[PDB]
Amino acid sequence: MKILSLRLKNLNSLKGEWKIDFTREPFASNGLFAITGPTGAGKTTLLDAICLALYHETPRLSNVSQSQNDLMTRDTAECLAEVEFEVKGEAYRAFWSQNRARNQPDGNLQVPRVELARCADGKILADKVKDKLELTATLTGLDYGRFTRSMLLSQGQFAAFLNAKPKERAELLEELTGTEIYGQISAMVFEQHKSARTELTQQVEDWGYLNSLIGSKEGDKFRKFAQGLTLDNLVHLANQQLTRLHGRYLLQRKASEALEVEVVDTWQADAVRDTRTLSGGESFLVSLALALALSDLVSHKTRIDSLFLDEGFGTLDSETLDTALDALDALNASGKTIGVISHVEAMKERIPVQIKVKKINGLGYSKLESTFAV
Amino acid sequence: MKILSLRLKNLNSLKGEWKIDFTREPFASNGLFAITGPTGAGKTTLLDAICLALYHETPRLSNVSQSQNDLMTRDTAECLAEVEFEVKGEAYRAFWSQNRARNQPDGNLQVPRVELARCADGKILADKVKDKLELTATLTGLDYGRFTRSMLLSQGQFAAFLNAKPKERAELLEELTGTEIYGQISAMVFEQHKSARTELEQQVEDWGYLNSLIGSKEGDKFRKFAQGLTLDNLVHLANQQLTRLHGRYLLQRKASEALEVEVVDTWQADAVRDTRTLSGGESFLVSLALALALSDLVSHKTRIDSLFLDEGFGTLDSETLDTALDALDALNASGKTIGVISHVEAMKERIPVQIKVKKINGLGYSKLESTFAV
Amino acid sequence: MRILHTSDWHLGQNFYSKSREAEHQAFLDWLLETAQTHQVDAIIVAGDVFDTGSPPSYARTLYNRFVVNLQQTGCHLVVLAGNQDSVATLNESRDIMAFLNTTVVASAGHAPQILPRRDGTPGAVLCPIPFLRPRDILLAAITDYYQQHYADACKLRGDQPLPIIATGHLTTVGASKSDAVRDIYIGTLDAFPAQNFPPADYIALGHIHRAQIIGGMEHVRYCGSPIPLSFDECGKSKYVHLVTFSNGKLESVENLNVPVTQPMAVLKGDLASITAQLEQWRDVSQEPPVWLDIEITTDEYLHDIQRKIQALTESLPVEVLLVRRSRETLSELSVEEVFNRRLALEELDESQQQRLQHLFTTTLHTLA
Amino acid sequence: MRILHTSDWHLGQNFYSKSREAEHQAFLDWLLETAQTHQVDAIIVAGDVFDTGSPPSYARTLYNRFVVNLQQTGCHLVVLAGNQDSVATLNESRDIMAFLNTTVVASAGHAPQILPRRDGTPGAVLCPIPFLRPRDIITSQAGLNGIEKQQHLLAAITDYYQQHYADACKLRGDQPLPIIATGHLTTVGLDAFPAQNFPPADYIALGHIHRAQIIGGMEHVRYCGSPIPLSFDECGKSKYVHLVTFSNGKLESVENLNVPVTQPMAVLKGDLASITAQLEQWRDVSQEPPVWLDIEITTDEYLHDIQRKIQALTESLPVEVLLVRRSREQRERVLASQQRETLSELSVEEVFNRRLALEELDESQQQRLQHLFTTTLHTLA
DNA sequence: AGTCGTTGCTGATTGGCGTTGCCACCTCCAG
DNA sequence: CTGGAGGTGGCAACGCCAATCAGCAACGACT
Ligand SMILES: Nc1ncnc2c1ncn2[C@@H]1O[C@H](COP(=O)(O)OP(=O)(O)O)[C@@H](O)[C@H]1O
Ligand SMILES: Nc1ncnc2c1ncn2[C@@H]1O[C@H](COP(=O)(O)OP(=O)(O)O)[C@@H](O)[C@H]1O
Ligand SMILES: [Mg+2]
Ligand SMILES: [Mg+2]
Ligand SMILES: [Mn+2]
Ligand SMILES: [Mn+2]
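Chains as they are written, first to last, in PDB author numbering: chain D, 1 to 200, 874 to 1047; chain C, 1 to 201, 875 to 1047; chain B, 1 to 137, 153 to 341, 354 to 395; chain A, 1 to 189, 204 to 395.
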């Protein structure tokens, strides 16, 4: 799962059609590239276009469909986003587009047209929305709720995994590791117990006792119980990653039913405390390490080699930001390619290649470099 | 409300006893003051002490009590925070302290010792948690749930008001405007409809009709319907404040049951948009203006004379940040004292009054300037 | 023989943010002083002693202090429960009150009592009748109860030459109401006819806060509250009636002016007019701050005009309590209007609107 | 002279949605009868008269009925404020009670007074001291700690006691009158008030403890305790009211008077079988009123809807159940013995066995539970 | 006519509210 | 010092319900 090309047409402040190819003269080194520009220029819009093309959805907007489409640019009758990604050495293409009735800047939002195809032979693999989503999920291994946790870190949602509730962390882990059977076991146990109870026997008593142990609707309880090993492996990988990203802290799981992680402050004689006490920058670094561990966890089943960090580099001071960027450079020296969006002046010099985005004298629109114009 | 002096002891990274007294020589002008230092130095801890001494809570930790206290520094046996504030020309003192058993770090946590007393008279007003909380809420007008939204803007939670549920938004509006009779009416309508329905198990259908119109438990429906006028009154002040902060946008109420604020883009031929589509910096500025308006909504009853916000300026470029700082300086003319947490070098150079939270390497502790030691 | 007639004290009433403790104390001490001066035989309080069913701490202290100071004077006293007063709040201390020359009646059906003079000889028949709850007993039911109760008192008096007095807490035809007057019998009775009172030698009534002679006869009166309980009656002086009896018949009735201790004023007109009307208190140095109701005639936002109102007042020895516009804010509109604005968006069929309006009104009243 | 020592009435208390009105009325009537029988001169109520600052209507009715029915006996009464009732609520009736042979103290600084005997002669010096709220005796100042403030409070309360006892001695002078003392605070014979700091008064009638006991072995300093059981932790204990006698200006003796139990209560332990066995003792008894029970079911992982079982067991009985609880607290999580084990390697049966091994069940149900668990895997395949 | 483009009609999720229970916090006490 | 009983409130899991998206078949406009 590496983004090869990105094509978008009239999304947010980016009027017109543009394409960015990550195999041209820039990005040839696969190094750090920094989307830079003023506020409200379409920097976040590029990552939103990528996410929309992949999964028909945006971090800000819950759904874009026949109704409530508000990602399309004003006084514009059509918008589309297309990406090319490579999985297991072969490349695919994803397409999502929507146009207005009679091609007017007003009128009904027509049902969007989507497709998924191979670049090897051009064969169309899926055109329905549901079938495309299912097929791309099976192919990539990442749903939206895993793409937005491992590959794309939105601004303000970097600590979403750290601050998520146990239910939606265990559900993420079971799907990521392909160990979903335990949820079905709890669902079946709860259904059997409820069916036995509604008839009203010692068998009902045994069913109740079994339900109190592992049984629960939607499979929450036994899933949370079982994913302890997965959380321990993940925190091991995250600690190994974090040793070089921030040397002060370590990570370990706590002795609680809720899937939670505690830090071990090696400076203060290994005093262990909860992550709720971490500073903003420390929590950002911990969440980045956890995301990298999420990527490394499934490297033996499906390999993801791209990472996008929307924001949160400001929470760091200069004396820590340089170390974080050095660790990111060390990671980027491997197969992983990473792109960072920030306004801080220090990162202006360290990252030499930039996808600059510029607004136009208050007209309300914005354009990036003409070399990306179609 | 305004803060006169802050005294804390052994909170987070700030080992020792520290007293920051405003109205001294450096702070006599009521001008801009910024808390500067590396990440993890304890800058937020200064703002955590103010919230702790007043409302027995801190933004990061839901509650601190006998059962748990993650705020007091490791390898230390006690912690306390005490603030002096002034409401309507009369000064008051709030006090919160906790000690470990036998003065040993491994001992169990004892119950906190809280007080609330006039500064000049010296008379004690309250000595228990609930009594102190209720009395300070009545005295200041605003409890914790309104402090954290109109007087202190914590890190990463500036957009809490916009992103909150309509239920929480309406509840905050009632708390500020003292209009709970509508919620009580709706709740008792729902209760009486339920009682009539159970007594059934022609009055029942009429009760159900009234319940469908305005009836709901805890009064959701009628609260949301009634608070639209308050939302419009708030939007007027929000537009007034936002005109100086960010001249592009204006705010307008959504025409839907779930009370929400749409935005008008004056540059795009006054095209109206949902508030979810705003950029990060634009959303931060909108939230700041809306919080200033929210503190100006009750100016006649209980005026608020200070504002604290935490590293929200990291999402602004060098020009939008300059406009926002000019607006904040102009608002400082009214006498509202602004305290800012940041790392941006431009604004750190701009603001001449600073509280430098110096960090001690290796130990993990930190200290202020020598003049603030006690 | 003399009797001071007062009612509608409304002790413990919170007037907006303010409280009436000082006014009530300066009224009660003056009342005791005038009672001693006129050597009155009894003091009667017909209803609404407390503003609500759960009076605050200071209201009960004022009531108890007044009763204690009564003993030094020597006058008998009577307490009646009004529409806002509650049983088990006045009736709970009844037994203690008996030892202090005070009788408290809250429940109906109490037998008539003989009211003694200062020398111990009988002076009159009291006919203690408090605010009659409909559940405790409609227009005829009030009338025949009054006639039956008077008849029982007439049997008790026999041929003795004593006046007969009657009590009541009810609205009557020809009366003038106010905003602070809470209505009673919302769904059963509209007004009591003044001609149905039994031929008692004198009638003492409350409920109405304005002193009024009702029905055209002298022996029936409204004494009204002793202090202004609303902004619509600030300028009218308050009265307490000192009735006199002799040879079993009414002699004369006199009005005593309660000295006002808390100035209250109402302003009117545009902001330009108010900027001039506020100059009535420029550098006057009123040691009790004056309470003002400002009826501004503007369309400007209330939360914006209150700022300049406070700015103007800050240079004056005055304290504003209420500001009302004569766009809208939720602090202005009535609950009925706000609910109707919900009904308007729904189908406007009157056949259901009338029932829904009645249901909403009864719900709101059950809250109150 | 003779006085009674009682405290902790807690009038108006609601006990699991139940009301203690009848029990309090019966206790008050019994106390009046006892005072009349024993020819008592005064009654002292050491605090916690009301269970809240704003007692309900019937609590005030009970207090009024007691204070008006006490007029027949002619004996004096002293009521003191505790940590529970409100200073303003008790000061409401100060002056009105002053005419009814009753004195109530709620605030500090109230000077010592002389208790008259039934014939009106000076009997004793009362020296009344209510629950000393910190807001009344100390002034807060900045720059102190949580323990330093407590030290200042203790020093101030000790100084207050000493000065007030000195004033009481000055008032007494030469007449042989026993200087009684009163208070409502915790003593241990730290935040408690040491007993050795008390003045050398002839008697100290304390409060704030619901159990009758002697402090420091000094018989002249006693805790009278509550006259009725206010919780299940004291249901089986008998409650006492002290009858104190003085002679020639010095303390003579203390006698304990049992308060008859009006509302019986009991507490039960053990499993459901033990609960049934203990309920067997009430099979056929005429109980007026029905006895109130607290049931603590010992956990053996029954995990049933025990509320229905208790309701069915106690339906035919003259029994009302106020509370039932159980100790089911336990953590449920996997321990990773080594990092080499991952959720893919371990089988479903292995994980379920790891789950069961954390529970201390036996083979009497382990086999059946494993069979039931395998049935689920059977029906998905 | 054809072809495409736009519009109107069922089923499967999904978020929202209410119900019941369980657990945690505060306060006044007792081992 | 610690526990512990007794309100009081908050959160969470489950049940039922109404709104919405996706799929499908039937007319209007442009060549
Ligand atoms: N439907 C729309 N039409 C036009 N402009 C839009 C629309 N929705 C959002 N925008 C604007 O597009 C811009 C996107 O900026 P964004 O990429 O979020 O900035 P940043 O990278 O600084 O966070 C903002 O100015 C936003 O208000
Ligand atoms: N209980 C504790 N003992 C010691 N240090 C702590 C404790 N809790 C938090 N800390 C540390 O105190 C520091 C507080 O920094 P903070 O004020 O959050 O920084 P910033 O202003 O950059 O957000 C962090 O290093 C945090 O990990
Ligand atoms: Mg952004
Ligand atoms: Mg921070
Ligand atoms: Mn009335
Ligand atoms: Mn009245």
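We treat Cβ as the ideally placed atom computed from N, Cα and C, and that holds for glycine.
Output needed for residue i: all residues of its chain with C-beta closer than 7 Å, excluding positions within five of it in sequence on either side, in chain order.
i        : result
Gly42/C  : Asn12, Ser13, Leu14, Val1030, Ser1039
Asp205/A : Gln150
Confirm the yes/no value for this check: CB of residue i, any heavy atom of ligand 5, distance under 7 Å.
i        : result
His184/B : yes
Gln84/B  : yes
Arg197/B : yes
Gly221/B : yes
Can you find a heavy atom of ligand 1 that lies under 7 Å from the Cβ of residue i?
i        : result
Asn163/C : no
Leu904/C : no
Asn12/D  : yes
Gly40/D  : yes
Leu924/C : no
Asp70/D  : yes
To which residues of the same chain is residue i closer than 6 Å at the C-beta, ignoring the five residues directly before and after it?
i        : result
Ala899/D : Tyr182
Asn64/A  : none
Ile199/B : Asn83
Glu17/C  : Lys9, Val1047
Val945/D : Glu935, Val937
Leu923/C : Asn912, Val937
When the Cα atoms are used, what is the spatial distance from residue i to residue j?
i        : j        : result
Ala166/B : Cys127/B : 10 Å
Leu331/B : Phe15/B  : 22 Å
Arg102/D : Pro112/D : 15 Å
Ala46/B  : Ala81/B  : 7 Å
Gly12/B  : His24/A  : 30 Å
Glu329/B : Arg322/B : 11 Å
Tell me whether residue i, by its Cβ, gets closer than 7 Å to a heavy atom of ligand 3.
i        : result
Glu984/D : yes
Name the chain B residues that come within less than 8 Å of residue i, Cβ to Cβ?
i             : result
residue 250/C : Between 201 and 875, chain C has no modelled residues, and residue 250/C is one of the positions in that gap.
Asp905/C      : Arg354
Going along chain A in order, which residues have a C-beta closer than 9 Å to the C-beta of residue i?
i       : result
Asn69/C : Near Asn69/C there are no residues of chain A at all, since even the closest Cβ is about 13 Å away, more than 9 Å.
Is residue i a contact residue of ligand 2, with contact defined as CB to any heavy atom under 7 Å?
i       : result
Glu17/C : no
In chain A, what lies closer than 8 Å to residue i by C-beta?
i        : result
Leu883/D : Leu383, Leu386, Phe387
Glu930/D : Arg345, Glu346, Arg347
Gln98/C  : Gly146
Ordered along the chain, which non-local residues of its own chain (more than five positions away) have a Cβ less than 8 Å from that of residue i?
i        : result
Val268/B : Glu233, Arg236, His256, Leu257, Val258, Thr259
Give me the chain C residues within the contact set of residue i, using Cβ-Cβ distance strictly less than 7 Å, ordered along the chain.
i        : result
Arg60/D  : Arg949, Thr950
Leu989/D : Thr39
- request: Taking 5 Å as the limit, tell me which residues put their C-beta closer than that to any heavy atom of ligand 4, in chain order.
  value: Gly953/D, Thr44/C, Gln155/C
- prompt: Of all residues in the structure, which have a C-beta closer than 5 Å to any heavy atom of ligand 6, taken in chain order?
  reply: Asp8/B, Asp48/B
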